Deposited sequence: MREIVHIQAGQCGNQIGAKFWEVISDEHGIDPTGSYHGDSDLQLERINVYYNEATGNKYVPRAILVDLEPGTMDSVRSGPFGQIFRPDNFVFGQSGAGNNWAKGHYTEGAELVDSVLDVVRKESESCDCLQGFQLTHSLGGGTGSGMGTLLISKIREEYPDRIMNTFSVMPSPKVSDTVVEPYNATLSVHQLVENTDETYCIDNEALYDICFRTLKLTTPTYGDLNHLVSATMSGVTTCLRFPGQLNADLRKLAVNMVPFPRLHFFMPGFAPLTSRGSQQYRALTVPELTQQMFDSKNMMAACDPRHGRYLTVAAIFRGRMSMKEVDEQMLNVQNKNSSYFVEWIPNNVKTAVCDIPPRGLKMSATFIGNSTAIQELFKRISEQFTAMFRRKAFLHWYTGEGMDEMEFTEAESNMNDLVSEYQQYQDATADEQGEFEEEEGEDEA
């Protein structure tokens, strides 16, 4: 396992995808031009995982940019790191989606999917040992969710033995009070349960609460929310990009974190929580399992952990990490399943991000994530009971039965989390 092909779809996917490249390029010593300016040798050991190698020691990010809105490409080009992207990887259509999952998945998006797959094969063949794909998108819109899931099913047919990893942004009325978002989100979850190997659930509801209440921001913006997203995506991919003890394998991560195929939705966490303008080991382990440090609006103390992976970063005592983690597992033993022995793995890396000296990234497969799916299901049913704006989807060639099946599939997902949450070993 080696190279990873990055894909960003929609306005949110390209926005959170652009911030992902601006952060790791700073950690690897890469300037917007591409010339390596790092001051340590470890910044180039596993650099080939996310970057190509152009002539002249130039590093080209293995990223594909797609959106039905033609104005998003200028939003990315005008960015700071918007010049390093390969001009051949800009696939933008003419007609947008208008927050319609149907236009992205059946009409407007079905015309643009073949143009993207041509550049996916172009990138997948320039890899020495391709391991999987990485996608950033929101589930509330129409492009990143309707065409994003369609792009996944297309890649799943031609690359079935490769790992599909997504960073899906969940909608929230506290950030976007668009009443058709529970539709597109529910229809996307119906596809993500079947065609993804591991999905990071980034909830705008939790992102808003962290900025508004934890960071004391009366009016959080998309820049403030994405600051928590960029720091999260950097931590969950620290082992994939830097030398350490973990094998940096997408499949090894999926085998050790997915006990049941449908339960592959992770609850990311990060500590410490800081803002854009501005701790010990026992404090990082404490804040890590705190509900205030979760990127999903779910209380982990309301459910039971199935599998947990904690990545520590910075210069810290290797022995103390094994002490505080083992101690936290005892004080919260009622929140770990007893039929999965040794279900908490600990990783530690020596290169922390900039601005901090220590950090901790939490990746938990918890049954408490059902509270997220219950929130979207309750809003979906409320709108679907009255059939509000249902003609916006049937007019694009969608069947009404696809809503009840998505509602039924998502309710079955919730019952599955509750099933293993009440199970015992004896």
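Taking the first deposited residue as 1, the stretches without any C-alpha atom are 279-283, 432-445.
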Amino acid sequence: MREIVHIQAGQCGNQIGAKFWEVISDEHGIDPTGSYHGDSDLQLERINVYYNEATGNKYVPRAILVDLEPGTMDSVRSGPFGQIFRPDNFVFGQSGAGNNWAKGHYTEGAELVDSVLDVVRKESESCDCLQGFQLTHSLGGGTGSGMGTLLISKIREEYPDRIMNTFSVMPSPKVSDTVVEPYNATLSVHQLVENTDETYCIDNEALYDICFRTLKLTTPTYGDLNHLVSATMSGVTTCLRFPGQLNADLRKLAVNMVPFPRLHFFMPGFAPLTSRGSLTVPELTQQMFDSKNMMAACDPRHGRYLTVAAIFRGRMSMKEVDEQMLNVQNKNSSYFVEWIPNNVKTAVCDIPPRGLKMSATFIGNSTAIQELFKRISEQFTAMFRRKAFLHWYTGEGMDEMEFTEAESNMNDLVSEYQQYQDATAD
From here on, numbers count along this sequence of modelled residues.
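Heads up, when I say rigid core I mean the largest set of C-alphas that superpose within 1.5 Å between the two forms.
Of the two segments 144-152 and 243-251, the one whose CA positions lie farther from the displayed form in 7 other deposited structures of this protein, once all are superposed on the rigid core, is 243-251. After superposing on the rigid core, the larger RMS C-alpha deviation in 7 other deposited structures of this protein belongs to 172-180, the other candidate being whichever of 308-316 and 172-180 remains. In at least one third of the other compared structures of this protein with flanking residues present, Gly277 is left unmodelled.
A summary of the deposited B-factors shows that, of 73-81 and 159-167, the stretch with the larger mean C-alpha value is 73-81.
Comparing 289-297 with 215-223, the higher mean C-alpha B-factor in the PDB entry belongs to 215-223. When the C-alpha B-factors of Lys345, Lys319, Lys174, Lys252 are ranked from the entry, the top spot goes to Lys319.
Per the PDB entry, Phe92 shows the highest C-alpha temperature factor of the residues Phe265, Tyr305, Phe92, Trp101.
Annotation for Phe312: C-alpha temperature factor in the middle third relative to the rest of the modelled chain, per the entry. Among all modelled residues in its chain, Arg46 ranks in the highest third by Cα B-factor. The entry lists a Cα temperature factor for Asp114 that places it in the highest third of the chain's modelled residues. In the deposited entry, the Cα temperature factor of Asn332 places it in the highest third of its chain's modelled residues. Per the deposited record, the Cα B-factor of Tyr106 falls in the middle third when ranked against the other modelled residues of its chain.
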